[PDB]
Amino acid sequence: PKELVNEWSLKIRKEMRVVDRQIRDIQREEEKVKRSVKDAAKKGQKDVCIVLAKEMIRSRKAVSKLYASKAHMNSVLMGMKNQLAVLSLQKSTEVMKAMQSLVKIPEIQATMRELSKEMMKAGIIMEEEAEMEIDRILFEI
């Protein structure tokens, strides 16, 4: 199954773009929240700042989880590079676990699980102090 790899690669790579895109937006959005946060600071609106702040943390986590996804994707792409050399299809216990952590990202969430079948077939398988992070970013901006 050399034919499969080439397509899968492409699919995987295509989701990678979605991932870059989604990040590009979240960041474009943080540019803005940053400004608001400042404005609200200058006008002494504490509650607007705290709130927007939670918006910011939420973003950072969002983006991070995304870059983590990009990694997982590359692990899987690598596994594809490999599958080419492994004289057939061997059960790369690597591209197993990555594609198990990948079927849990909203946007790529759907497809992945379907690629996971195509593969599994005849081949491979207290944040209570996060009330301190906000107070941090406020300061950090």
# chains A, B, ... in the order shown; residues from 1 in each chain; ligands from 1
$ residues_around --residues "residue 132 (chain A)" --least-positions-apart "5" --cutoff "12 Å" --atoms "only C-alpha atoms" --output "PyMOL selection string"
chain A and resi 50+53-54+57+126-127+137-139
$ write_last_selection --atoms "N, CA, C and O atoms" --output "PDB file, in the first residue's frame"
ATOM      1  N   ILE A  50      -9.981  42.158  33.831  1.00  0.00           N
ATOM      2  CA  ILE A  50      -9.941  40.771  34.299  1.00  0.00           C
ATOM      3  C   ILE A  50     -10.522  39.876  33.236  1.00  0.00           C
ATOM      4  O   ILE A  50      -9.900  38.904  32.824  1.00  0.00           O
ATOM      5  N   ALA A  53      -8.636  39.534  30.026  1.00  0.00           N
ATOM      6  CA  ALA A  53      -7.540  38.702  30.454  1.00  0.00           C
ATOM      7  C   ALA A  53      -7.879  37.225  30.343  1.00  0.00           C
ATOM      8  O   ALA A  53      -7.151  36.494  29.658  1.00  0.00           O
ATOM      9  N   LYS A  54      -8.966  36.770  30.974  1.00  0.00           N
ATOM     10  CA  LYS A  54      -9.341  35.360  30.821  1.00  0.00           C
ATOM     11  C   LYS A  54      -9.486  34.978  29.349  1.00  0.00           C
ATOM     12  O   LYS A  54      -9.136  33.872  28.956  1.00  0.00           O
ATOM     13  N   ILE A  57      -5.773  34.297  28.226  1.00  0.00           N
ATOM     14  CA  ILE A  57      -5.311  32.989  28.640  1.00  0.00           C
ATOM     15  C   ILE A  57      -5.960  31.938  27.753  1.00  0.00           C
ATOM     16  O   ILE A  57      -5.278  31.163  27.096  1.00  0.00           O
ATOM     17  N   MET A 126      -4.237  21.644  40.492  1.00  0.00           N
ATOM     18  CA  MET A 126      -5.014  22.851  40.758  1.00  0.00           C
ATOM     19  C   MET A 126      -4.691  24.071  39.857  1.00  0.00           C
ATOM     20  O   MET A 126      -3.664  24.748  40.026  1.00  0.00           O
ATOM     21  N   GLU A 127      -5.591  24.342  38.915  1.00  0.00           N
ATOM     22  CA  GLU A 127      -5.585  25.595  38.173  1.00  0.00           C
ATOM     23  C   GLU A 127      -6.407  26.633  38.963  1.00  0.00           C
ATOM     24  O   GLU A 127      -7.146  27.436  38.381  1.00  0.00           O
ATOM     25  N   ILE A 137      -0.570  38.395  33.042  1.00  0.00           N
ATOM     26  CA  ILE A 137      -0.674  39.004  31.688  1.00  0.00           C
ATOM     27  C   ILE A 137      -1.083  40.476  31.718  1.00  0.00           C
ATOM     28  O   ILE A 137      -0.659  41.253  30.870  1.00  0.00           O
ATOM     29  N   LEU A 138      -1.910  40.847  32.687  1.00  0.00           N
ATOM     30  CA  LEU A 138      -2.337  42.194  32.771  1.00  0.00           C
ATOM     31  C   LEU A 138      -1.059  42.953  32.790  1.00  0.00           C
ATOM     32  O   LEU A 138      -0.765  43.701  31.857  1.00  0.00           O
ATOM     33  N   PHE A 139      -0.277  42.694  33.834  1.00  0.00           N
ATOM     34  CA  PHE A 139       1.035  43.277  34.042  1.00  0.00           C
ATOM     35  C   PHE A 139       1.892  43.125  32.783  1.00  0.00           C
ATOM     36  O   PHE A 139       2.414  44.115  32.239  1.00  0.00           O
TER      37      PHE A 139
END
$ closest_residue --among "A:66, A:95, A:141, A:84" --to "residue 16 (chain A)" --atoms "only C-alpha atoms"
A:66
$ atom_distance --atom1 "CA of residue 24 (chain A)" --atom2 "CA of residue 5 (chain A)"
28.2 Å
$ atom_distance --atom1 "CA of residue 73 (chain A)" --atom2 "CA of residue 99 (chain A)"
8.0 Å
$ residues_around --residues "residue 47 (chain A)" --least-positions-apart "4" --cutoff "12 Å" --atoms "only C-alpha atoms" --output "short mmCIF file (atom, residue, chain, number, x, y, z; two decimals) with C-alpha atoms, in the first residue's frame"
data_model
loop_
_atom_site.label_atom_id
_atom_site.label_comp_id
_atom_site.auth_asym_id
_atom_site.auth_seq_id
_atom_site.Cartn_x
_atom_site.Cartn_y
_atom_site.Cartn_z
CA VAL A 37 -7.07 45.45 27.75
CA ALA A 40 -9.70 49.41 29.76
CA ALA A 41 -6.63 49.75 32.01
CA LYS A 43 -9.88 54.00 31.92
CA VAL A 51 -12.45 39.43 31.81
CA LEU A 52 -10.49 40.20 28.65
CA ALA A 53 -7.54 38.70 30.45
CA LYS A 54 -9.34 35.36 30.82
CA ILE A 134 -4.43 36.74 34.48
CA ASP A 135 -2.87 39.16 37.01
CA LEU A 138 -2.34 42.19 32.77
#
$ residues_around --residues "region 101-118 of chain A" --least-positions-apart "5" --cutoff "7 Å" --atoms "only C-alpha atoms" --output "list in words"
residues 15, 69 and 72 of chain A
$ write_last_selection --atoms "C-alpha atoms" --output "short mmCIF file (atom, residue, chain, number, x, y, z; two decimals), in the first residue's frame"
data_model
loop_
_atom_site.label_atom_id
_atom_site.label_comp_id
_atom_site.auth_asym_id
_atom_site.auth_seq_id
_atom_site.Cartn_x
_atom_site.Cartn_y
_atom_site.Cartn_z
CA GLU A 15 -5.24 19.59 7.89
CA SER A 69 -1.50 19.31 17.14
CA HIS A 72 1.44 15.27 16.35
#
$ atom_distance --atom1 "CA of residue 123 (chain A)" --atom2 "CA of residue 68 (chain A)"
25.2 Å
